S.K.: 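My questions will all concern the structure given below.
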Protein chains: 6
Amino acid sequence: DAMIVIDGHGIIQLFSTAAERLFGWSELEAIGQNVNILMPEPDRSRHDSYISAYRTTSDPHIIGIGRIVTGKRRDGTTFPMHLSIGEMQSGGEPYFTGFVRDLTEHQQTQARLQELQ
Amino acid sequence: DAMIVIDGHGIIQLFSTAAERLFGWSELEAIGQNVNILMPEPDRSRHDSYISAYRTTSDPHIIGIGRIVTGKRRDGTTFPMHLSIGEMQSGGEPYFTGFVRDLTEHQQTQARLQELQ
Amino acid sequence: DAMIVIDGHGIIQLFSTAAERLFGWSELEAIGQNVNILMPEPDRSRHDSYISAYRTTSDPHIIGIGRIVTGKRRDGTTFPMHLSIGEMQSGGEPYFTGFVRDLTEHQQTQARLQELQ
Amino acid sequence: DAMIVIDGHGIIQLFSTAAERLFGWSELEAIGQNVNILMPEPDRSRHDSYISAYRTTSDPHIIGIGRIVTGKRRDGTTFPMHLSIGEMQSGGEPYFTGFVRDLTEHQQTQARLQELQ
Amino acid sequence: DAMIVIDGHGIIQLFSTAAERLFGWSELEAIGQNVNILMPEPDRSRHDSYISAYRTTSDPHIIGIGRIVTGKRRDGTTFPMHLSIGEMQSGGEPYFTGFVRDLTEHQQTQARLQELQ
Amino acid sequence: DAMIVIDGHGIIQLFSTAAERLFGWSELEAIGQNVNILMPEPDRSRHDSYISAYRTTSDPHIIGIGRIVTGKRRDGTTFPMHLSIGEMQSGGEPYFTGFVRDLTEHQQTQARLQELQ
Ligand code: HEM
Ligand code: HEM
Ligand code: HEM
Ligand code: HEM
Ligand code: HEM
Ligand code: HEM
């Protein structure tokens, strides 16, 4: 699956090839942008508050738990995806790694089985 | 899973043992019959048009894509199944191979999990 | 997954560690109790009749078939689980083995994919 | 896979259907016999010492670890199998559960791949 | 995996796309050729005798059993593969279906793990 | 599995929790060290030449191919592992991501099956 690394403020630092395939942004396009560009509203506007809340409280909601969420492609289409977040440290500052698993195929098979009785 | 081979007009040429188990027709019973006997209406009556449309346009809908569809047993019961279609040539004429995966178990587990809250 | 063994009257004889983790009862707590404590009503009150009906008729409903059912934890929360039942004999009397697979994760992933369009 | 339950002295108390298929002994034949009948020498003669050593020291070698060992069928043929052992208590005495996974297929595929260059 | 269909004399009748990828022969190249071109000697020269022996005796060695064998590519390189054979009838004559699973990756991983201690 | 990120000179920039578990080095201990500390000789001394050779030639040996290699823990024990390498760019410089899959379990099961006939 796809891999993204962000700094303590949600800025994309590293964007894997698979992330380019999934989200539609090239590495140069994605790096330097806030990770919130990869999700729809309301999560998009709230994303910084999610990171800030974790830095303040150290209380995890997805970190070490995982969660299926809605992601957004550059073309504006949305998709279901599983998200796991790793916490790292480099040069005195926090960095977060995001592993993204596209569940579009799963969602469609399930809806199709439901739709066929 | 089950395997069927048809000629360019939808006539069953080869019918595997697993196809006999799934559809309820023996090989001798199935061979020489149109593949449309394995599906309910409206697909059943439209099936020849689907094959003819592909021979004319060469524009695929399931070939090289795959699709979950409703199949029909000889006893008249229907079931969800995944279908993949391979295109072959033998003695100057087109033949199509169909690989069928019975998704009855999957559909029932899913409906049951949904029904139990 | 979890394993439980009961006598011909539904009394728990053996309760695996994994069963302790899933149901919330320790082995000493569970042993000597009727297996009906592991399920909600109406199955709970009917459970003895299910065992008695099998001893009389020898007609199986889950034995050698399997079934997804709702189980109940000691804290009173319910969960979906797959149940397989094995039939054994020891010292002239019937014993039944129950293999339990927790499908909570499966049910939640499915509901979540459905809820996200 | 196969399931066996023994008392604190290695006597078979319960023998699943799958264990009957794998080992070649029927449930009535197996129950009341020492579990050592299911393995070749030298493990066979040493088996009681393995159980006794655990009761004395409480130091596990397979319990909670697992191990691939050589098992023996009634017809005298041997096979590789994975063994996991669960420890239980019933009516003041220890009982042990053995889950057996036949690895014959695995061993043969591996030897065959090795033998074909 | 790859699929091939032969007549009662070992002549290739149908050759799937995946078979073209695995063996190196195109469908037109393969059709009309004996299936023995897909294996090295000594199996190659003996192959007709294997089919003839089955037609005479009806005693199976791979049919309904399966077997890992050495296959051969057009470029002359050999590889390990699993073979399953289905028996069919069409227009009064026997046809055989061969499902081929390339085990090159498996063999190499295994040899590599062995070579690294 | 484990994840490591290095700069264009083999210096560890990010070291995941799973990498800490596998290699035995904490993140602070690993960061700033050359990736060659994670492998035995001769690869260890040659590692810089492997990276330099890729920067010069752009000719891949593991990048986009994968390879099972011998890794080394801090305690000095070695293990078989599968390695996949991703190539990234950040702030005008190349970075490489390494995904490490511990194959110790696989190697031991295989050796054990071989050793038991
Ligand atoms: C692309 C789609 C994504 C969506 C829709 C999403 C959404 C969310 C949500 C709902 C939360 C928790 C808020 C709460 O429940 O109170 C969260 C937290 C967080 N996310 Fe994202 N996220 C996405 C991607 C990412 C990625 C790729 C990373 C890392 C590279 C990341 C880093 C974080 C961090 C560091 C937190 C705070 C820690 C925590 O609450 O566990 N997110 N996000
Ligand atoms: C048994 C249940 C089946 C059902 C319900 C079914 C239904 C369909 C549908 C919906 C289409 C596409 C029409 C469209 O979207 O415009 C199609 C096309 C086609 N099917 Fe079937 N099919 C079945 C089995 C098979 C089998 C077993 C074969 C081959 C042996 C086969 C051969 C073809 C061919 C050659 C086409 C045209 C190519 C294409 O559109 O990709 N079908 N079928
Ligand atoms: C914990 C949740 C469980 C639930 C909700 C449950 C429910 C049921 C149901 C619905 C039936 C069949 C009644 C019918 O369809 O007519 C049944 C039968 C039976 N159950 Fe349970 N069961 C549970 C656990 C167990 C366990 C762990 C065992 C064995 C240790 C067990 C032993 C049996 C036996 C012996 C029968 C009769 C045989 C048969 O009908 O196949 N049950 N149960
Ligand atoms: C059938 C083939 C079997 C073989 C070859 C085998 C062999 C062994 C070996 C090698 C040990 C450890 C001795 C040591 O390393 O010091 C052991 C221990 C033990 N085994 Fe077996 N065993 C078999 C089946 C079983 C089964 C089915 C059970 C339970 C039903 C069982 C119960 C135990 C117990 C309770 C111990 C002592 C606890 C421990 O050392 O972890 N064994 N066995
Ligand atoms: C390409 C590599 C292949 C090799 C090395 C191979 C080798 C063999 C061997 C060793 C036997 C059994 C002889 C014996 O043990 O006495 C056999 C039998 C047979 N094979 Fe092949 N085979 C290959 C492919 C195929 C394919 C693709 C088909 C069908 C399309 C096929 C059809 C048959 C038939 C019909 C028999 C006789 C039935 C039986 O003995 O079970 N073979 N082959
Ligand atoms: C820890 C055990 C490792 C071993 C034994 C190892 C060994 C090797 C070997 C044998 C080569 C290719 C030399 C050749 O065949 O000519 C290579 C190349 C390379 N490795 Fe490592 N490696 C390890 C870990 C890593 C990690 C974790 C990374 C990245 C974070 C990495 C980055 C690279 C790069 C960038 C190349 C050059 C590109 C290429 O040849 O494809 N290595 N390594």
Side-chain angles (χ1 to χ4, degrees), chain B residues 2 4-6 8 10 12 23 35-36 38-40 43-44 46-47 49-51 53-55 59-65 67 69-72 81 83 85-87 94 96-100, chain C residues 2 4-6 8 10 12 19 23 35-36 38-40 43-44 46-47 49-51 53-55 59-65 67 69-72 81 83 85-87 94 96-100, chain F residues 2 4-6 8 10 12 19 23 35-36 38-40 43-44 46-47 49-51 53-55 59-65 67 69-72 81 83 85-87 94 96-100:
Chain B
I4 300 138
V5 172
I6 59 174
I12 297 173
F23 295 97
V35 67
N36 69 21
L38 302 188
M39 58 194 80
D43 281 334
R44 174 165 180 161
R46 284 170 177 168
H47 209 265
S49 87
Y50 296 168
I51 300 174
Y54 182 75
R55 297 199 49 176
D59 288 348
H61 296 83
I62 303 184
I63 280 181
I65 293 139
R67 191 133 129 198
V69 300
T70 307
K72 184 193 193 90
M81 47 166 272
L83 177 71
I85 302 157
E87 188 180 8
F96 299 92
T97 299
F99 298 97
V100 178
Chain C
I4 300 138
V5 172
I6 59 174
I12 297 173
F23 295 97
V35 67
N36 69 21
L38 302 188
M39 58 194 80
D43 281 334
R44 174 165 180 161
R46 284 170 177 168
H47 209 265
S49 87
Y50 296 168
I51 300 174
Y54 182 75
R55 297 199 49 176
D59 288 348
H61 296 83
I62 303 184
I63 280 181
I65 293 139
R67 191 133 129 198
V69 300
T70 307
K72 184 193 193 90
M81 47 166 272
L83 177 71
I85 302 157
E87 188 180 8
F96 299 92
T97 299
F99 298 97
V100 178
Chain F
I4 300 138
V5 172
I6 59 174
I12 297 173
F23 295 97
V35 67
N36 69 21
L38 302 188
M39 58 194 80
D43 281 334
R44 174 165 180 161
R46 284 170 177 168
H47 209 265
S49 87
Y50 296 168
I51 300 174
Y54 182 75
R55 297 199 49 176
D59 288 348
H61 296 83
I62 303 184
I63 280 181
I65 293 139
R67 191 133 129 198
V69 300
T70 307
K72 184 193 193 90
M81 47 166 272
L83 177 71
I85 302 157
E87 188 180 8
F96 299 92
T97 299
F99 298 97
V100 178

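Per chain, numbering begins at 1; letters A, B, ... match sequence-line order. Excluded from the calculations below are hydrogen atoms, water molecules and symmetry mates; all remaining heavy atoms, backbone and side chain alike, are included. In each ligand, atom 1 is the first atom listed, and ligand 1 is the first ligand listed.
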S.K.: Excluding waters, how many protein N/O/S atoms sit closer than 2.8 Å to atom 21 (Fe) of ligand 2?
M.R.: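 Under the 2.8 Å cut-off, the count stands at 1.
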
S.K.: Can you list the atoms of ligand 6 that are under 4.0 Å from a heavy atom of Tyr54(F)?
M.R.: 37 (C), 38 (C)

S.K.: Which protein non-hydrogen atom lies closest to atom 39 (C) of ligand 3, naming both residue and atom, and how far is it?
M.R.: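 Protein heavy atom at minimum distance: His61(C) N, 3.6 Å.
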
S.K.: Does ligand 6 have an atom that lies less than 4.0 angstrom from a heavy atom of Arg67(F)?
M.R.: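 Flag set, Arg67(F) near ligand 6.
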
S.K.: How does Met81(B) reach ligand 2, by side chain, by backbone, by both or by neither, if only non-hydrogen atoms under 4.0 Å count?
M.R.: side chain

S.K.: Short list, please: which atoms of ligand 6 are under 4.0 Å from a heavy atom of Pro60(F)?
M.R.: 41 (O)

S.K.: Partners of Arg46(B) by side chain to side chain contact (heavy atoms under 4.5 Å, CB included), sequence neighbours excluded?
M.R.: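 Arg46(B) satisfies side chain to side chain contact (heavy atoms under 4.5 Å, CB included) with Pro42(B), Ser49(B), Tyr50(B) once adjacent residues are dropped.
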
S.K.: Which atoms of ligand 3 sit under 4.0 Å from any heavy atom of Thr70(C)?
M.R.: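 Counting from 1, the qualifying ligand atoms are 5 (C).
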
S.K.: Can you pull out the closest protein heavy atom to atom 1 (C) of ligand 3? Residue, atom name and distance to 0.1 Å, please.
M.R.: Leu38(C) O, 3.4 Å

S.K.: When you measure from atom 28 (C) of ligand 3 to every protein heavy atom, which one gives the shortest distance, and what is it?
M.R.: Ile6(C) CD1, 4.2 Å

S.K.: Got a second to check how far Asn36(B)'s CG is from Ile51(B)'s CD1, nearest 0.5 Å?
M.R.: 8.5 Å

S.K.: Using the test side chain to side chain contact (heavy atoms under 4.5 Å, CB included), find all partners of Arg67(C) that sit at least two apart in sequence or belong to another chain.
M.R.: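 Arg112(B), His61(C), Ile62(C), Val69(C).
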
